[PDB]
Each structure stands twice: as C-alpha cells, then as structure tokens.
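Visitor: Quick one: the structure is below, and I'll ask about it shortly.
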Amino acid sequence: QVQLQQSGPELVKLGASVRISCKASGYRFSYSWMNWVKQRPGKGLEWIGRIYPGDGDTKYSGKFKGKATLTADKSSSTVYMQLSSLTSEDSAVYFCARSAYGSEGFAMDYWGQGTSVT
Amino acid sequence: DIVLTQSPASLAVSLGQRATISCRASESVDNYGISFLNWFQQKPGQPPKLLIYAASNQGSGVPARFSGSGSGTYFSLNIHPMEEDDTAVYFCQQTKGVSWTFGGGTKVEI
Amino acid sequence: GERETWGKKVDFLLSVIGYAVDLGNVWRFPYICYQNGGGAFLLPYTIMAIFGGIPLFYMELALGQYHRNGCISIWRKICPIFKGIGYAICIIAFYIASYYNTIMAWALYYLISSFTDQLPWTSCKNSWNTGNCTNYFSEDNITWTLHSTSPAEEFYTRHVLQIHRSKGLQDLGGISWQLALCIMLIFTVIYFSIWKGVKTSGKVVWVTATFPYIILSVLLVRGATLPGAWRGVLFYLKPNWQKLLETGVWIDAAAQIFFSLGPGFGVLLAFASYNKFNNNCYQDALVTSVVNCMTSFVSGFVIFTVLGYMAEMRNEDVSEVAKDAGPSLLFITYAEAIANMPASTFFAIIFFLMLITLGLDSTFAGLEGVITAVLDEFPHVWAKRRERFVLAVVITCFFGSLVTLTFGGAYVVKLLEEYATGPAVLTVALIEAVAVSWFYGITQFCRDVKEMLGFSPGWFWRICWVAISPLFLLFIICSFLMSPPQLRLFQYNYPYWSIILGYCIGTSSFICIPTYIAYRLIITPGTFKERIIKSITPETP
Ligand SMILES: N#Cc1ccc2[nH]cc(CCCCN3CCN(c4ccc5oc(C(N)=O)cc5c4)CC3)c2c1
Ligand SMILES: CN(C)CCCN1c2ccccc2CCc2ccccc21
C-alpha cells in the first residue's frame, strides 16, 4: 500500500516563511517524483513545483522557483518546500502528489491530506 | 508552460446521458506513444483522486464508467451516464515537460 | 582517364586498416572472446587467421594490384562465367549499407544527446519507465529484482529505438524523425567523402581511421585506472581449455576473423586497383591483418576492464552482467559505466566520436568498392561523370535503410545483420577463391606476382590458396548452413516466416551467379563441351 502524510495547518503572516512537510512510505521513494499543487479556495488546482528524491532535480513554473524552494530528505522519507514571502494570495491548501512511473504518463496517484495555510 | 483549454466548463447533465469533457492544448503532447495526460476528480473537500492514465488507461480502483479517448491535441473524457454521486470537478493535467499544468475544471451536476 | 593513384603509400595503408576495424573489433571480439573460454580463444583466433584470413587478404590485394580492373570487370580477365560475382557483391553491399548505417545513426544520436552536463543515463525520467527502473549499480541498498532494467537499457530501448511501440516484425509503423534526419547527415558525410573517388576518400582517412586509436589509448588508460580493472582483465585473459574442445569456439573464431578482415567483398580489389604496379603488395597485406588483430585485442582490454569495474561495483562477478548482443553490449552497459565515471560528459563525447569514426571510414570503403567496380565496368556511360551515380548509390542505400530506422528498428537490424552475412557472402567469397585458385591456374597467379613484386610467393601461400582457404571457407559455410537461426533479441521470439524471409534475403545473392552462368552459356555456340571451354579462359585481346 501507498500513503502520504503532511503537517498540520499554519498561520499566514505577511512576509513570513513556512516549511510544509510531506512523508512517504510503502514504496521506493528514491525514484518517484513528489509534486506540489496549490488549490486556492473556489478555484482550480495550480502546479507549484517538482522534485525527485535521489537526484535533486527540481522544476518550477511561474516565479514559484523564487518563492518555493523544494528540498528532499531521503533519510526520514520526507520532502520539504520552504515557502517565503507569503502574500495573501498564498493562503490556500498545499497537496503533495506522488507522480507515478514514467511509462504510465507521470500519474499523480496518491495525494497527501493537505496543509492549508490561512 | 502549456495552455490547457477545457470546454464546456460546466455540464448540466442529468442521470442517463453520456457527458463529455474536452481538453485541448498547443501540443501535440503525444510523446513516445504514451500520450502524456491525466484526468482528475476533486469532490468537495477531498484530494484529487486520479481517473485515467495517459487519457486512455484506467486508474486504480475506479469503475469502468469513466472512459477515455483522443490523441495529439484533442483529449476527451466521455463519462458513462452516471448518477448524482459523481458530482465533482474534473481536471486535465498534462505531463509533457518541462512544467506541467492543470486545466480549469468542469463541474458537473444535474 | 587512367586509374587515379593514391596520394601516398600510407594513404592506402591507412585506408585499408581503417576499413579493417569497423565494429567486430570494438564490441564483438571481447563478447565472443569471453563466451568461448577467454584465453583458449586467442589460439584458435591466430591459427585461424594465419590459415584463412591473411592468405585471402593477400590474394585479394595482389589480384587487385596486378589486374587493376576493379571487382566486376576483373572477371573478364579471370573467368568470364563468374562475372555475376560483381552483381552479387553489389546486392550484398546494398543490403549491408542498408543495415549498417543504422548503428552509426544510433551512435550519432547518442553523441548529439550527450552534450548535457548531466548525461541522460543516470536518472530515470519520463520516457524511461520507473516500475522496472533502478537496476543501476550506483546504489547502497541491495534491492534487486529479475525484472528490473538499468536506466541505460531503457534509454536504448525507449528513447533512441522506441522499440516499445513495436510488437515485432508484425508491425513496425512510424519512422523516427529524430533518426531519419540523423542518418541523412551520415549519408551526406559519406557522399561528400566518396564524391571524388579516392583523392578525397584517402585524405579523409588521415583523420577518420587514426582517431579511433587516439581515443582508444586514453580510454584504455582510464579503464586500467578504474577501481577494479584487474578483476575484469583476469577474466578476459583466463583460459578455459575445456571450451576449446567444442567446435563452437572454432566456428566463432573463423567467422569473426573472416568478417573482421573482410576478404573478397569487392573492396580490397577496388583499393589495390588504384595504387601503382610495383607497389609492395605484401608488406601492406601482412601488416593490416596484425594491426586489425592488435586493435581487437586492445579494444577487448578496454571493454573488459570497464566490465570488470562494473562487476566489482555491482558486487557480483563478471558473469550475469550484460549478456546480450553486441550493439546492446556497447550501448547499455558501457553507456552506464561512462555515466558513472568521474569525468562524465567527456568520456561519452569522445567515445561516441570514436564509435562513429571507426564506422564512417569502413562504410566509405564498403561503398567505394562497388562504386569503383560499377565505374570501371562501364567506362562509357560512366567514368566521365563520377560526381553522379554516387548520389544515386547513396540515395539507394538510404531508401533501403529507411526500414531499419522505423520504430521496429533493431527488430529488422538484427535480421539483416544475421541473415545478409550468412552463407550468401561466404559462398560468394568461396566462389571467388576457387575461381582465382582452381579455374585460373595458380601458376600464372604466382608468375604475375613475381613479376610485379620481384619474388615468387613462398610455399606457404602456394599450398594455402588451393587446400586451406577453399576448405576453411567450405567449412565456415557448412557450419551454420545447418544451425537453426534463433535470433531472439530483447526477449522477442521471431516468427517462423522470418526464417523464410532470411532465406529469401540470402537467395537475393548467389542467384546472380547461376543467372549469369546460364546467360553466358546460352550465348556461346557449339556443343556443351566447347560451350564450357570457351568461357573459362580470359579474354586477353
Ligand atoms: N541464406 C541463408 C541461411 C540459411 C540457413 C541459415 N542458418 C543460419 C543462418 C544465419 C544465422 C546467422 C549466421 N551468422 C552469424 C554471425 N555472423 C557474424 C559473425 C561475426 C561477425 O563480425 C561481424 C562484423 N565485424 O561485422 C560480423 C559478423 C557476423 C555471420 C553469420 C542461415 C542463413
Ligand atoms: C566487415 N568489415 C570489416 C567490412 C566493412 C563493412 N562491410 C561488411 C560488414 C559486415 C558484413 C560484410 C561486410 C562486407 C563489406 C561491405 C560492403 C559494403 C558495406 C559494408 C561492408
């Protein structure tokens, strides 16, 4: 079985920084990506970034590279993303999707609980 | 960055009709034969459970109602006639590099 | 319009040794040299070379240097009925330039796809499945599964080949545009290298045939420096005399030495048909064979010091490490070892550069052979416009090689590799040897060599060309004329109609010989006896 876990909710402060955690278990996590999406309340999902624990290959999109630097800790089976300059627009949930193998089309099979920040 | 246009953004389909959800893009996301694209479903207050691998292959633990077709630019989700339990928002998340993108979502209801 | 001589003597001595070492000496010689003993293979390599590959080499060179008339038009001076050998060797060159440039296209793709600072063989990205990934040895844990495949294997069978989109020879639709425009550059280089004959095909060799050695030296140094070189070199040089008892080692050694020296393929004739008359056709036919053998030996050292490093790192002996065909053995395990080497992105660029250069000159020679043959065959409709008909042969070889570049790819390349080099080419070579030896009296073939060089051939070659070579070619023909073809690459069992297709491909050759024999026997008048005796003797106007 595959299941993911995250931390609890936090508070959105002007200019503060927050570290969203995301665990992983039940599979060799050193070869599957760990995506991150931002589902703002009322609107659709939005892709934040990407990471590949085992090579450090991280991708981003639309200035999220300077706002959310992802970090993978392959020891405790956890991945991080150090947010910074939390603007009032960044008050949303932050899922932690696991991209599947490449042959399946990079399927975001399993998703975390959701670390909503308000 | 790829643009993922979805239409219609709202399907007012009842119980007994086959609803459709289109998903177009600039690419041509067909890569190495396996068309890089997926379909999700976000029920109110739930994580986006996955539906379709590569817009053709079923997911995991999903009934055979949610079919899938299309290749190249036009990808469609011809959902089988369902009941009021499958009222949610369906996204079209491509995966061709280098930065993936999510659709706008097409909420369905009677 | 005389025969355009070479620039220098070294200009031909280098061209022939560039033609010699093409791909056997770089991947197949170690792979065939560890399966057959390891140390008990060099002896049946040398005592088979000296008996069946070097005498044929020297015979081809002396024949081409004395007659100076190519490959298809030399038969009107040797034996009229055997003039079909030229058309047969042209069909053979078509098939082989069809299946041979695909490997160079793959090598050029690896070259142009290795400029990234991080080579795409260490990680495991989209087009490279992860469910069967992770078999790369650069991991601390001992997790392993019989289904896991290394990332280099997925790169070779899912990105360049895209073989996952072809269920075999039953369907191979879709052409790899990234390879279709990649082999076009190689064919452009080929045409722009042999678009003038020899005045440029010799100058190109000055950099295409000596550059593989400059790269092999540094690769051998790096391999010997590797942590675990000796564990592989010892296995490369470990003799197993119990393997020498089986005839398989002798068959493999004979096939390897013949298809590495390449005598009688209508190219050594075309090369020797260019240099001067009084040129020493012995000191260049005796050095090319030993240079080819030493090149195979050094490349075996390189390949197996790399394999020994890989086995020592994977915590497993040299066995059960990349046990597959040649192209896989050079594009998967060696590619992974290069991707794990310290100074990566440099030992891949130069490796693929050398891999494409030691094939470019070989294809240059293989095409120039039949080009010179067809040119000096018809010196009226041709030999005035050599700028043309080279574009024609190149476009023909390209349109024939357009089937090996589809998503099927290796599924047709392996077939054309192990069917177009079967008993057809060997029967052509046997008929050539028995025509130069038995029909054309070897007394004249010694008198002319004596009057050309200055001394008659010794009693060694005098007995070999009549008793050893025509026997060791009949043996190498009858060896796998009965062996069941079981190609089976990438765990794909070939259908039964593939055997009929291979038989028909072989029959495409060796049909021209009886065709022309009949066409020549019908024209000459008289009874059967005089009809034979007429077209056995040379013209001699
Ligand atoms: N017609 C027909 C017919 C009928 C009945 C048959 N039974 C079986 C067959 C074919 C089975 C394969 C025969 N092989 C195998 C290997 N082989 C070879 C070995 C070393 C080498 O080195 C090089 C190189 N350096 O290029 C090239 C090269 C090639 C040449 C021929 C067959 C065919
Ligand atoms: C076998 N190496 C040494 C010869 C060069 C490649 N050569 C080959 C390669 C494999 C088998 C036979 C032949 C005959 C010569 C020929 C003619 C035209 C194009 C390629 C080839």
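Chain labels follow the order of the structure tokens: the first chain is A, the next B, and so on; residue numbering restarts at 1 in every chain, and ligands are counted from 1 in their shown order.
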Need the shell around residue 23 in chain B: protein/DNA/RNA residues with any atom at most 8 Å away, counting only C-alpha atoms. Skip same-chain ones fewer than 6 positions apart. Format as a list in words?
Guide: residues 4, 5, 6, 7, 73, 74, 75, 76, 92 and 103 of chain B
Visitor: Those residues you just picked out, can you put them in a file as an mmCIF file, in the first residue's frame with C-alpha atoms?
Guide:
```
data_model
loop_
_atom_site.group_PDB
_atom_site.id
_atom_site.type_symbol
_atom_site.label_atom_id
_atom_site.label_comp_id
_atom_site.auth_asym_id
_atom_site.auth_seq_id
_atom_site.Cartn_x
_atom_site.Cartn_y
_atom_site.Cartn_z
ATOM 1 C CA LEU B 4 -4.877 23.537 -21.323
ATOM 2 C CA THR B 5 -8.212 24.766 -22.667
ATOM 3 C CA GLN B 6 -11.264 22.918 -21.336
ATOM 4 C CA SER B 7 -14.844 23.097 -22.601
ATOM 5 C CA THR B 73 -4.299 17.753 -29.299
ATOM 6 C CA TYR B 74 -7.946 16.816 -28.633
ATOM 7 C CA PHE B 75 -8.405 14.715 -25.486
ATOM 8 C CA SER B 76 -11.930 13.884 -24.326
ATOM 9 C CA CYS B 92 -6.960 17.695 -17.283
ATOM 10 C CA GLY B 103 -6.890 22.596 -16.562
#
```
Visitor: Taking only C-alpha atoms and all ligand atoms into account, report as a VMD selection string which residues have an atom no farther than 7 Å from an atom of ligand 1.
Guide: chain C and resid 22 to 25 28 252 255 to 256 259 to 260 417 to 419 421 to 424 480 to 485 502 to 507
Visitor: Those residues you just picked out, can you put them in a file as a compact mmCIF listing (two decimals), in the first residue's frame with C-alpha atoms?
Guide:
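Output file selection28.txt is given in full below:
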```txt
# COMPACT_ATOMS: atom_id res chain seq x y z
CA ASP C 22 34.73 -1.46 -38.14
CA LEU C 23 32.62 -2.93 -35.30
CA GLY C 24 33.71 -6.52 -34.65
CA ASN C 25 36.99 -5.46 -33.11
CA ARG C 28 32.05 -8.41 -30.80
CA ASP C 252 33.05 -18.48 -33.95
CA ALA C 255 33.52 -16.31 -38.60
CA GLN C 256 34.98 -13.46 -36.53
CA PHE C 259 34.14 -10.88 -41.08
CA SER C 260 36.79 -8.72 -39.40
CA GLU C 417 22.73 -8.44 -39.66
CA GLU C 418 22.48 -12.20 -39.12
CA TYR C 419 20.91 -13.06 -42.48
CA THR C 421 26.04 -12.10 -43.79
CA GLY C 422 25.20 -15.80 -43.80
CA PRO C 423 26.09 -18.33 -46.48
CA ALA C 424 25.46 -15.85 -49.32
CA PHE C 480 25.86 -22.60 -39.86
CA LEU C 481 24.16 -23.71 -43.06
CA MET C 482 22.55 -26.28 -40.74
CA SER C 483 22.47 -24.31 -37.47
CA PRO C 484 18.93 -23.23 -36.51
CA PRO C 485 18.53 -19.43 -36.56
CA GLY C 502 16.06 -14.66 -44.25
CA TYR C 503 16.27 -17.49 -46.77
CA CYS C 504 14.88 -15.18 -49.46
CA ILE C 505 17.33 -12.43 -48.47
CA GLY C 506 20.17 -14.93 -48.81
CA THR C 507 18.76 -16.10 -52.16
```
Visitor: List all protein, DNA and RNA residues that have any atom at most 9 Å from ligand 2, counting only C-alpha atoms and all ligand atoms, and write the list as a count of residues only.
Guide: 45
Visitor: Can you tell me which residues surround residue 321 in chain C at a distance of at most 10 Å, considering only C-alpha atoms, apart from same-chain residues fewer than 2 positions away, and format the answer as a tab-separated table (two decimals) with N, CA, C and O atoms, in the first residue's frame?
Guide:
```
chain	number	residue	atom	x	y	z
C	307	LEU	N	33.99	-3.58	-17.98
C	307	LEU	CA	33.07	-4.57	-17.43
C	307	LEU	C	33.54	-5.07	-16.07
C	307	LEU	O	32.71	-5.36	-15.20
C	308	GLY	N	34.85	-5.17	-15.86
C	308	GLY	CA	35.35	-5.58	-14.56
C	308	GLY	C	35.10	-4.53	-13.49
C	308	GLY	O	34.74	-4.87	-12.36
C	310	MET	N	32.60	-2.45	-13.57
C	310	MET	CA	31.16	-2.50	-13.33
C	310	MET	C	30.79	-3.69	-12.45
C	310	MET	O	29.95	-3.57	-11.55
C	311	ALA	N	31.40	-4.85	-12.69
C	311	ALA	CA	31.10	-6.03	-11.89
C	311	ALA	C	31.60	-5.86	-10.46
C	311	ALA	O	30.92	-6.27	-9.51
C	314	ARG	N	29.06	-3.51	-8.78
C	314	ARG	CA	27.75	-4.11	-8.57
C	314	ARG	C	27.78	-5.27	-7.57
C	314	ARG	O	26.73	-5.87	-7.32
C	316	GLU	N	29.14	-8.33	-7.75
C	316	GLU	CA	28.76	-9.54	-8.46
C	316	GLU	C	29.82	-9.81	-9.52
C	316	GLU	O	30.36	-8.88	-10.11
C	317	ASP	N	30.10	-11.09	-9.75
C	317	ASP	CA	31.16	-11.45	-10.69
C	317	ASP	C	30.79	-11.02	-12.11
C	317	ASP	O	29.69	-10.56	-12.39
C	318	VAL	N	31.76	-11.20	-13.02
C	318	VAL	CA	31.60	-10.70	-14.39
C	318	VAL	C	30.46	-11.39	-15.10
C	318	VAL	O	29.86	-10.82	-16.03
C	319	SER	N	30.13	-12.62	-14.71
C	319	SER	CA	29.00	-13.30	-15.32
C	319	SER	C	27.69	-12.65	-14.89
C	319	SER	O	27.62	-11.96	-13.86
C	323	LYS	N	24.51	-9.73	-20.66
C	323	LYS	CA	24.62	-10.89	-21.54
C	323	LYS	C	23.58	-10.72	-22.64
C	323	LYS	O	22.43	-11.16	-22.51
C	324	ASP	N	23.98	-10.07	-23.73
C	324	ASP	CA	23.10	-9.83	-24.86
C	324	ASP	C	23.98	-9.63	-26.09
C	324	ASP	O	25.18	-9.94	-26.08
C	329	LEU	N	25.56	-4.57	-25.90
C	329	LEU	CA	26.75	-4.60	-25.06
C	329	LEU	C	27.55	-3.31	-25.15
C	329	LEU	O	28.32	-3.01	-24.24
C	333	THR	N	25.55	-1.31	-21.16
C	333	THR	CA	26.43	-1.45	-20.01
C	333	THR	C	27.59	-0.46	-20.07
C	333	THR	O	27.94	0.16	-19.06
```
Visitor: Name all residues at most 6 Å from residue 93 in chain B (count only C-alpha atoms; drop same-chain ones fewer than 6 positions away) and give them as an mmCIF file with C-alpha atoms, in the first residue's frame.
Guide:
```cif
data_model
loop_
_atom_site.group_PDB
_atom_site.id
_atom_site.type_symbol
_atom_site.label_atom_id
_atom_site.label_comp_id
_atom_site.auth_asym_id
_atom_site.auth_seq_id
_atom_site.Cartn_x
_atom_site.Cartn_y
_atom_site.Cartn_z
ATOM 1 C CA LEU B 37 -2.062 13.463 -19.950
ATOM 2 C CA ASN B 38 -4.262 12.581 -16.985
ATOM 3 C CA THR B 101 -0.152 22.377 -15.987
ATOM 4 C CA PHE B 102 -3.684 21.802 -14.726
#
```
Visitor: Between CA of residue 349 in chain C and CA of residue 111 in chain C, measure the distance and give it in Å to one decimal.
Guide: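 That distance, rounded to one decimal, is 5.8 Å.
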Visitor: List the neighbours of residue 41 in chain A out to 12 Å using only C-alpha atoms; skip same-chain residues closer than 2 positions along the sequence, and give me the result as a VMD selection string.
Guide: (chain A and resid 38 to 39 43 to 46 89 to 94 116 to 118) or (chain B and resid 44 to 45)
Visitor: Could you turn the residues from that selection into a file that holds N, CA, C and O atoms, as a CSV table (one decimal), in the first residue's frame?
Guide:
```
chain,number,residue,atom,x,y,z
A,38,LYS,N,-1.3,23.8,-5.6
A,38,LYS,CA,-1.9,24.8,-4.8
A,38,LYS,C,-3.4,25.0,-5.2
A,38,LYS,O,-3.6,25.6,-6.3
A,39,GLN,N,-4.3,24.5,-4.4
A,39,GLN,CA,-5.7,24.6,-4.7
A,39,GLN,C,-6.3,25.7,-3.9
A,39,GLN,O,-6.7,25.5,-2.7
A,43,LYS,N,-11.2,28.1,-6.6
A,43,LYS,CA,-10.6,28.0,-8.0
A,43,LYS,C,-10.0,26.6,-8.1
A,43,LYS,O,-10.0,25.8,-7.2
A,44,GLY,N,-9.5,26.3,-9.3
A,44,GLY,CA,-9.0,25.0,-9.7
A,44,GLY,C,-7.5,24.9,-9.1
A,44,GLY,O,-6.9,25.8,-8.6
A,45,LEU,N,-7.0,23.7,-9.4
A,45,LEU,CA,-5.6,23.4,-8.9
A,45,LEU,C,-4.6,24.2,-9.7
A,45,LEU,O,-4.9,24.6,-10.9
A,46,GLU,N,-3.4,24.3,-9.2
A,46,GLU,CA,-2.3,25.0,-9.8
A,46,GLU,C,-1.0,24.3,-9.4
A,46,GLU,O,-0.8,24.1,-8.2
A,89,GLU,N,-2.4,36.0,-1.3
A,89,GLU,CA,-2.8,35.0,-2.3
A,89,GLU,C,-2.4,33.6,-2.0
A,89,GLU,O,-3.0,32.7,-2.4
A,90,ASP,N,-1.3,33.5,-1.2
A,90,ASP,CA,-0.7,32.2,-0.9
A,90,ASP,C,-1.5,31.5,0.2
A,90,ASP,O,-1.0,30.5,0.8
A,91,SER,N,-2.6,32.0,0.6
A,91,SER,CA,-3.4,31.3,1.7
A,91,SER,C,-4.3,30.3,1.1
A,91,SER,O,-5.5,30.5,0.8
A,92,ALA,N,-3.8,29.1,0.9
A,92,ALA,CA,-4.5,28.0,0.3
A,92,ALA,C,-4.0,26.7,0.8
A,92,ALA,O,-3.1,26.6,1.6
A,93,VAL,N,-4.6,25.6,0.3
A,93,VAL,CA,-4.1,24.2,0.6
A,93,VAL,C,-2.9,23.9,-0.2
A,93,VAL,O,-2.8,24.4,-1.3
A,94,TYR,N,-2.1,23.0,0.2
A,94,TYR,CA,-0.9,22.6,-0.5
A,94,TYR,C,-0.8,21.0,-0.4
A,94,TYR,O,-0.3,20.4,0.5
A,116,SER,N,-3.3,23.2,4.7
A,116,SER,CA,-3.9,24.5,4.4
A,116,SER,C,-3.3,25.6,5.3
A,116,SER,O,-3.1,25.4,6.5
A,117,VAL,N,-2.9,26.7,4.7
A,117,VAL,CA,-2.4,27.9,5.5
A,117,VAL,C,-3.4,29.0,5.3
A,117,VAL,O,-3.9,29.3,4.2
A,118,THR,N,-3.7,29.7,6.4
A,118,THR,CA,-4.7,30.8,6.4
A,118,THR,C,-4.2,31.9,7.2
A,118,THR,O,-3.3,31.8,8.1
B,44,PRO,N,-16.0,17.9,-3.4
B,44,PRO,CA,-15.9,19.0,-2.4
B,44,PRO,C,-15.2,18.6,-1.1
B,44,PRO,O,-15.8,17.7,-0.4
B,45,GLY,N,-14.1,19.1,-0.8
B,45,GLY,CA,-13.4,18.8,0.4
B,45,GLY,C,-12.7,17.4,0.3
B,45,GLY,O,-12.7,16.7,1.3
```
Visitor: What residues in chain C have any atom no more than 7 Å from chain A when counting only C-alpha atoms, and can you write them as a PyMOL selection string?
Guide: chain C and resi 123+125-131
Visitor: For a test of reading the model, state the distance in Å between CA of residue 71 in chain B and CA of residue 95 in chain B, rounded to one decimal.
Guide: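 About the pair CA of residue 71 in chain B and CA of residue 95 in chain B: they are 13.9 Å apart.
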Visitor: Which is closest to chain B among A:25, A:17, A:84, A:61, if we use only C-alpha atoms?
Guide: A:61
Visitor: Please, which residues in chain C fall within 9 Å of chain B when counting only C-alpha atoms, and what is the closest atom pair and distance in Å to one decimal for each, ordered by chain then residue number, as JSON lines?
Guide:
```
{"residue": "C:126", "atom": "CA", "partner": "B:96", "partner_atom": "CA", "distance": 8.3}
{"residue": "C:127", "atom": "CA", "partner": "B:32", "partner_atom": "CA", "distance": 6.7}
{"residue": "C:158", "atom": "CA", "partner": "B:32", "partner_atom": "CA", "distance": 7.7}
{"residue": "C:159", "atom": "CA", "partner": "B:32", "partner_atom": "CA", "distance": 7.5}
{"residue": "C:162", "atom": "CA", "partner": "B:32", "partner_atom": "CA", "distance": 6.8}
{"residue": "C:164", "atom": "CA", "partner": "B:33", "partner_atom": "CA", "distance": 8.6}
{"residue": "C:165", "atom": "CA", "partner": "B:33", "partner_atom": "CA", "distance": 6.6}
```
Visitor: Excluding residue 113 in chain A and any residue of its chain fewer than 3 positions from it, enumerate the residues within 10 Å of it, using only C-alpha atoms, and give them as a PDB file with C-alpha atoms, in the first residue's frame.
Guide:
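Output (selection-v5.pdb):
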```pdb
ATOM      1  CA  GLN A   3       0.010   6.504   1.713  1.00  0.00           C
ATOM      2  CA  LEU A   4       1.337  10.011   2.323  1.00  0.00           C
ATOM      3  CA  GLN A   5       1.151  12.333   5.322  1.00  0.00           C
ATOM      4  CA  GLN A   6       1.722  16.047   5.886  1.00  0.00           C
ATOM      5  CA  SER A   7       1.897  18.515   8.762  1.00  0.00           C
ATOM      6  CA  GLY A   8      -0.907  20.498  10.357  1.00  0.00           C
ATOM      7  CA  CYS A  22       5.340  15.502   3.326  1.00  0.00           C
ATOM      8  CA  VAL A  93      -4.137  24.247   0.645  1.00  0.00           C
ATOM      9  CA  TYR A  94      -0.897  22.553  -0.451  1.00  0.00           C
ATOM     10  CA  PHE A  95      -1.259  18.944  -1.564  1.00  0.00           C
ATOM     11  CA  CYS A  96       1.736  16.629  -2.016  1.00  0.00           C
ATOM     12  CA  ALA A  97       1.086  14.485  -5.085  1.00  0.00           C
ATOM     13  CA  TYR A 110      -1.555   9.321  -4.247  1.00  0.00           C
ATOM     14  CA  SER A 116      -3.909  24.507   4.449  1.00  0.00           C
TER      15      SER A 116
ATOM     16  CA  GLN B  46     -11.349  15.837  -0.933  1.00  0.00           C
ATOM     17  CA  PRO B  47      -7.950  15.309  -2.578  1.00  0.00           C
TER      18      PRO B  47
END
```
Visitor: Go through C:180, C:220, C:78, C:226 one by one, measure the shortest atom-to-atom distance of each to residue 313 in chain C using only C-alpha atoms, and give the residue with the smallest value.
Guide: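 The answer is C:226, which sits nearest to residue 313 in chain C.
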Visitor: CA of residue 465 in chain C and CA of residue 429 in chain C are how many Å apart?
Guide: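 These two atoms are separated by 12.5 Å.
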Visitor: With only C-alpha atoms as the counted atoms, please give the residues lying no more than 9 Å from residue 98 in chain B, apart from itself and same-chain residues fewer than 4 positions off, as a ChimeraX atom specification.
Guide: /A:59-60 /B:1
